[PDB]
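J.: experimental structure and sequence below.
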Amino acid sequence: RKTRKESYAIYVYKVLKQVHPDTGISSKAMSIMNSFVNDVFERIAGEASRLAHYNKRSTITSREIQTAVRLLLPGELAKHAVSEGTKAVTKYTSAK
Amino acid sequence: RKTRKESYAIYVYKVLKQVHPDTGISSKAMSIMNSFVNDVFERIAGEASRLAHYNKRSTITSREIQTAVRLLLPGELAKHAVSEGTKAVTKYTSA
Amino acid sequence: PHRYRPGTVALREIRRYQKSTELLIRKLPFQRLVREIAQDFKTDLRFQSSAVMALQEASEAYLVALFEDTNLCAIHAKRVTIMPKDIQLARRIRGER
Amino acid sequence: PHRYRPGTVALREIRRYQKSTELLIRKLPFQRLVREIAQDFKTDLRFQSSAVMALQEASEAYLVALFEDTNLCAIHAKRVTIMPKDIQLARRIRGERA
Amino acid sequence: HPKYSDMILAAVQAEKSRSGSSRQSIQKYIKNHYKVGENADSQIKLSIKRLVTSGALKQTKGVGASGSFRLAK
Amino acid sequence: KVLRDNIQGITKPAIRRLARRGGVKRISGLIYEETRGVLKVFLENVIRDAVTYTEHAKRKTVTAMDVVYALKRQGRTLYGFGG
Amino acid sequence: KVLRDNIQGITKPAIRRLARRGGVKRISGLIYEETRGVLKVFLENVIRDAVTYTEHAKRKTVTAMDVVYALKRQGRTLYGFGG
Amino acid sequence: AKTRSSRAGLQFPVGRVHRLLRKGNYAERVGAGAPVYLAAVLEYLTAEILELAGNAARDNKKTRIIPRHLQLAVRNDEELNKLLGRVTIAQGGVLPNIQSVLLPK
Amino acid sequence: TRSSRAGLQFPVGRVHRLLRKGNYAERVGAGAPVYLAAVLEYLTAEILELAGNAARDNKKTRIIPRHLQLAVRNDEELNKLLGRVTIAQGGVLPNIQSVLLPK
DNA sequence: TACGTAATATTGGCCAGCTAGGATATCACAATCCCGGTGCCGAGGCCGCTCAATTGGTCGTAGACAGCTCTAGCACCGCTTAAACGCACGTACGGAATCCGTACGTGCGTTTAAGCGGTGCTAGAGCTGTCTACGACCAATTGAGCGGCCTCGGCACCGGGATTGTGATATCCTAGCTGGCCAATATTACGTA
DNA sequence: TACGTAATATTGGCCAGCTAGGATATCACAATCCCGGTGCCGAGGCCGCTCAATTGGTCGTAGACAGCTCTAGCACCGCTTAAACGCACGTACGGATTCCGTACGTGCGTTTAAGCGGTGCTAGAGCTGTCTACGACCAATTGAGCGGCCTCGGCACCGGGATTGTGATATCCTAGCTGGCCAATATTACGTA
């Protein structure tokens, strides 16, 4: 038999190919990327959770993720992050 | 007629009257006490939430609070908080 | 007439300020610094007075504890005088930088 | 014979070990230390090999960084040699020591 | 034990160093070669300060009682 | 317009009193400007977060709660002002 | 029975290699035992929390995840083991 | 015994604590023992700090705990000092501690 | 899929699932997973960018963890995001203090 | 005339006295402190209305408890190194010791603006009510993402030459000491006044 | 008989070369390097199944928005006074310098247990499938906890009198240096043989 564990490995690869088509990645390095995404996921999600509670709201909307990103990320990293975020949200709702 | 702002003030005055029946407490002191209680509340609740999530459980039980207290409090303070919590659960369960 | 030796009033001031809890920065200079820094982040901002008291309580607590670490770095270098380099060692180790 | 001045091989070893990433504590002594420390918390316990590997990666990262800070304290005292007081000052400032 | 003036002159003659003897070199010779008190260091320092001003000791390194000196001859 | 010339309201005797409560006996002359830079970096980091919270609440007034939440964000939790 | 005599398995040349990666040129003789105590306290604090996690999972085997969770608890997050 | 505090022998409100645990997104479901345990731990730590701060107050000749008494209390107790090691107690000051080398000889 | 509609490589479905199963709030808006999945993808690409660069500088075709570490610790802002993080098997930056150098 | 002895003078050494410097003890001065008096106001209690907690009943699913599957943790085993260890040797580093210049503490007079408290103005915080867009939830559906399998090129390992850095030696450079050379002075003997 | 002149011997002073201490350039050896070959295993790709994502549909409620209230944030002014400022002055601190001892690093050889590949043995991790004790969700019941209101005892604030610590000044003791006195040695003169 066999047991299923999910990871972001396939998506990290897909993105690696965009930025560096002619380069690959070890399993160890892959496990770090995985840790990194989970960690950053948890950190934004947690901040967004608190923002909602602070404002007495039952919902985590993009606007909470957006503020979360600005409390969390440093300066230049946030600016770009807010862009890609707003961008993808726009493209998504205009493809409904 | 100003908005209801909940507080742990009344309980803090109770405990303080059990433990020092002639002692008072100022505004700021009580604000600190209230922030202490909220702070430790959040820290324990948070660690319990993580324990449940880590074990794929949907429920926060007194067992999660208990382990939360053991990870969070230092040695002796934990010991005493654990026995004072188990004591409360045991009662509650029988009555 | 009378003159105390250097370090005598300094030591007297240590004991004095370690006995009290009152803020040591003058309230209006501090407030004007808070409004200026915030102005450079977003214009036309009001402050609850308690929000400025909270920023001052925290700020002074930060500097007191930082001067503690700074003092140990000075003593570590067989000195009695704190220097910018002791602050910088402190902050580096703390991971502030 | 032949002899390098004291400090030359120290620098060679700094360059060498800041170039590599492999663990610097021998694995089995560390493992036995981990089991010994754990027994004093709960008896009859097994460890995943990866759990010991995680403890060793973390412990060694901690010690390397702590030696960085310790080095800065020593240099702060116009010294080239690290001493227990540098470690104690480091940990004091880190908030580990009181 | 002889006067500190004599013990310093003895320490310089007994150390055939190329640069006479420093304050530290003289200071340790006196401590091992004579029954000298607890206040040896101040008395040596005072004696060198007086022997340089007299011109009994003439200086080869430093400036003052902290340096290296030889006997005049 | 550019705002400037306010940090100096954190004066030499004030920094001295803080140093005293910190147990400092002797203070180099260069410490004062250094402490101003340190406090500005500190106030910048915290007020930035406070305002981020204020912004998100769609307010024009920075609340003590915004600051408290921000201090907590930076691992500098503060008791006695809410929360 | 009382357990002891394993910490000395963290040898002098091992502590030396660690110091070198930390950029240390010269090492006092008293550093080695000091580093043994520090490393003990660190492992204690981490393994204690790790075991608390194993206990709660009703297991007899400490998993890498228990350690990762404990490191994280202690503000020493570690990537590459199941983060 | 109508209240859940009474049933538990607590001064701290088990009901309100159960409310906060639900309205707090900690888990889907909150067990019945959780608020009781938590309200009791909260009570224990509360009493621990009030004890030491009423004591401080009395050493200082005062009927009222002001925040400095809470600070004296917390920072003289090793374990309270550690629980609140990243905490700042408004208006509480510092402990008197002059370094030895700074003392006149 | 919601990833295509958003133009992401990262899975919007999985992120919405995790945000609900994670007890962050009662309700999760429809834009939230998209935004979050996009931030996650962006940071991913930032680190992969800089660590493929490290890999090439080091004459490798394949990213190992040292390349991720070189990447993160030479970048100020990533270094800060991961300042309490430890990258298994990544080592340190070569940095000898000046006074230790022979004159 | 020469030699020996005695006496006188000069030089050196030792002892005693006086002066200067350093250390210790006592007194004074200032700061914090300890004390009731006194007046302002916030802790804390009484009240009564309200909203969050309690009560008892349905209903659904989490998880405990049991039963089975096999993964990974673990144990003893025996060669082959490379790493640990213990030691010889000596240098560069740490620390102790002293010395000098000025930066930083203390105190004073003058200058500046914080704080107070009292007034007058509105932005906007924060709370209510209405209605709907949005997200939870369920049933049905479908392909994205998973493990299992495979294979092959990226990279670890290694042996055989190359480049750079560190350590040591030889050539050229300055200041100090002893000896050498030259000149002076002191003593002697003879001749002249 | 003494003094002067000329001659010889001993002592005195200054200068030069040689020796010791230094830095720069060049030479040799060792360590980190690098390059083309070689095998070895995990990166990475396809494959086909399946479970989590998607679509299409219902229902209810969170919060977007609009309208209204009244809190408290802001501005501004005059007055009191404590705090800030800047300048004078000198102590004690930091840093620059020398300097001495051994605690360090380096580099041998001998001693050891870490590492690896090996087979063998099974605790216990982890997955399924049953079912019931437990918690969500609900309306109806009600009493704990809230704000509003009020008041007086605790304490902040001040002015009078006290205890402890630190600094400065004065006195006493110890050491050092100088001067005086006494003793010993040498030289000269006188007397005797």
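T.: Looks like it arrived, so ask away. Numbers count the residues shown, from 1 in each chain, chains lettered A, B, ... in the order given.

J.: in stretch E:57-71, which residues are buried?
T.: Neighbour-count burial for stretch E:57-71 flags E:57, E:65, E:67, E:68, E:69 (criterion: 16 or more other C-beta atoms under 10 Å in any protein chain shown). Heads up, the C-betas are built off the backbone N, CA and C, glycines and all.

J.: will you turn the residues you listed into TSV that also has secondary structure and distance to DNA strand J?
T.: Listed next are the buried residues of stretch E:57-71 as TSV, based on DSSP: H, G, I helix; E, B strand; the rest coil; distance: C-beta to the nearest atom of the strand, whole Å:
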residue	secondary structure	distance to DNA strand J
E:57	strand	13
E:65	coil	4
E:67	strand	8
E:68	strand	11
E:69	strand	11
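
J.: widest-spaced pair of these?
T.: Of all pairs drawn from those, the widest gap by C-beta to C-beta lies between E:65 and E:68 and measures 11.1 Å.

J.: what is in contact with those two at once?
T.: With contacts taken as C-beta atoms under 8 Å, 6 or more residues apart in numbering or on different chains, the residues that reach both residue E:65 and residue E:68 are residue E:23.

J.: could you pull out the buried residues of stretch C:70-83?
T.: Using 16+ other C-beta under 10 Å as the test for burial, stretch C:70-83 gives C:70, C:71, C:72, C:73, C:74, C:75, C:76, C:77, C:79, C:80, C:82, C:83.

J.: state the phi and psi torsions of whichever residue of chain A sits closest to DNA strand K.
T.: The nearest approach of chain A to DNA strand K comes at residue A:24, 2.3 Å away (C-beta to the nearest atom of the strand). Torsion angles at residue A:24 (phi, psi; degrees, to the nearest 10) stand at phi -120, psi -170.

J.: okay, now the closest residue to chain B within chain F: neighbour count?
T.: With C-beta to the nearest C-beta, the shortest gap between chain F and chain B falls at residue F:79, namely 3.8 Å. By other C-beta atoms under 10 Å in any protein chain shown, 29 other residues sit near residue F:79.

J.: tell me the centre residue of chain A?
T.: Nearest to the mean C-alpha position of chain A, counting by C-alpha atoms, centre = their mean, stands residue A:41 at 5.5 Å.

J.: which ones are touching residue C:17?
T.: Contacts for residue C:17 (C-beta under 8 Å, 6+ apart) come out as C:24, F:17, F:20, F:21.

J.: number of residues surrounding residue C:55?
T.: Residue C:55: 29 neighbours (other C-beta under 10 Å).

J.: and if you look at residue H:51?
T.: By other C-beta under 10 Å, the residues close to residue H:51 number 17.

J.: so it sits against residue B:20, correct?
T.: Yes: Residue H:51 is in contact with residue B:20 according to C-beta atoms under 8 Å; the separation is 7.4 Å.

J.: and chain E, which residues reach chain I?
T.: On the criterion C-beta under 8 Å from any C-beta of the partner chain, chain I has no neighbours in chain E.

J.: the longest helix seen in chain F and chain H, are they touching?
T.: The longest helix of chain F (DSSP state H) is helix F:31-56. No: under the criterion of C-beta under 8 Å from any C-beta, chain H is not reached by helix F:31-56; the shortest gap measures 12.3 Å.

J.: could you list every helix and strand in contact with that helix?
T.: Applying 3 or more C-beta pairs under 8 Å, 6 or more residues apart in numbering or on different chains; DSSP states H and E, we find helix F:31-56 packed against helix A:27-54, helix A:62-72, helix C:27-39, helix C:49-76, helix C:84-94, helix F:12-21, strand F:61-62, helix F:64-73.

J.: quick one, what contacts the most centrally placed residue in chain H?
T.: By C-alpha atoms, centre = their mean, chain H has its centre lying nearest to residue H:46, at 4.0 Å. For residue H:46, the contact set (C-beta under 8 Å, 6+ apart) comprises B:11, B:12, B:15, B:33, B:36, B:37, H:12.

J.: if we can go back for a sec, show the overlap between the buried residues of stretch C:70-83 and what lies near DNA strand K.
T.: The subset of the buried residues of stretch C:70-83 within reach of DNA strand K, by C-beta under 7 Å from any atom of the strand, is C:74, C:79, C:80, C:83.

J.: now, which of these lie close to chain H?
T.: residue C:80.

J.: any residue of the host helix or strand of residue H:40 up close to DNA strand J?
T.: Using DSSP states H and E, residue H:40 sits within helix H:33-59. No: shown here: helix H:33-59 not in contact with DNA strand J (C-beta under 7 Å from any atom of the strand), separated by at least 8.3 Å.

J.: just the helices in chain H please.
T.: All helices of chain H, identified by DSSP H, fall at H:4-8, H:14-22, H:33-59, H:67-76, H:78-83.

J.: quick one: contacts of the last one?
T.: To tie it back to what came earlier, the one meant is helix H:78-83. B:40, B:73-77, D:98, H:45, H:48-49, H:52, H:73-75.

J.: which of those residues sits closest to DNA strand J?
T.: Once C-beta to the nearest atom of the strand is applied, the member of these that ends up nearest DNA strand J is residue H:49, at 15.4 Å.

J.: thought the closest one was touching residue H:76?
T.: No: if you go by C-beta under 8 Å, residue H:49 and residue H:76 don't touch, sitting 11.7 Å apart.

J.: which one's more surrounded, the two?
T.: Neighbour tally, residue H:49 and residue H:76, criterion other C-beta under 10 Å: the higher count belongs to residue H:49, 27 against 13.

J.: OK, contacts around the more buried one?
T.: B:33, B:36, H:70, H:73, H:74, H:80.

J.: tell me which residue is most central in chain F.
T.: Closest-to-mean residue, chain F, C-alpha atoms, centre = their mean: residue F:43 / 3.4 Å.

J.: spatially, what comes nearest to it if we skip its sequence neighbours?
T.: Nearest residue to residue F:43 in three dimensions, chain neighbours excluded: residue C:37, at 5.1 Å (C-beta to C-beta, 6 or more residues apart in numbering or on different chains).

J.: what distance do you get for the one you found to chain A?
T.: Distance from residue C:37 to chain A, counting by C-beta to the nearest C-beta, to the nearest Å: 16 Å.

J.: from residue D:65, how far out is the closest residue to residue F:6 other than its chain neighbours?
T.: Excluding its sequence neighbours, the residue lying closest to residue F:6 (C-beta to C-beta, 6+ apart) is residue C:36, at 4.4 Å. Plainly put, residue C:36 is 37 Å away from residue D:65 if you go by C-beta to C-beta, to the nearest Å.
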